[PDB]
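Read the structure below first, then the notes.
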Amino acid sequence: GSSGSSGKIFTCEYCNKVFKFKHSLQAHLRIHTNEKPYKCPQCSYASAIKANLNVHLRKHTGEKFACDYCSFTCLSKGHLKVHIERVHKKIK
Ligand SMILES: [Zn+2]
Ligand SMILES: [Zn+2]
Ligand SMILES: [Zn+2]
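Residues 1 to 92 (the entry's author numbering) make up the sequence shown, in order.
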């Protein structure tokens with residue numbers, strides 16, 4: 001059986017949210033530090049690389065492709081063919 005008389009719980013000091021593990025709190029605290037340098041001017045997105053921010057910024061002028069079998073959408077017809085082959089067909 002389990003050791004001790006009680007468990008342990010982890011809590012945010014900035015928004016009072018509660019987490020089951022310390023690693024979940026450490027990953028949550030990233031929103032309160034907001035330390036990623038390359039921030040999007042259009043949305044809440046941020047990056048550690050200017051080239052990776054450029055790979056994000058092109059999505060604000062992108063176009064979606066939609067599934068014929070479900071409600072799914074993605075930003076490439078090649079990615080859509082690979083969605084269909086995995087989710088609606090058998091994998092080759
Ligand atoms: Zn918080
Ligand atoms: Zn953005
Ligand atoms: Zn689909």
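Here a beta-carbon is modelled for each residue, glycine too, at the ideal position from N, C-alpha and C.
Asked	Found
Whole-number beta carbon distance between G62 and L75, since they are thought to touch under 8 Å	5 Å
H32 burial status per 10 Å Cβ neighbour count (16 or more: buried)	exposed
Whole-number beta carbon distance between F10 and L29, since they are thought to touch under 8 Å	Between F10 and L29 the Cβ distance is about 10 Å, and since that is not below 8 Å, they are no contact.
Separation of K36 from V18, as counted between CA atoms	24 Å
Sequence-distant residues of its chain with Cβ nearer than 8 Å to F65 (five each side left out)	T73, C74, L75, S76, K77, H79 and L80
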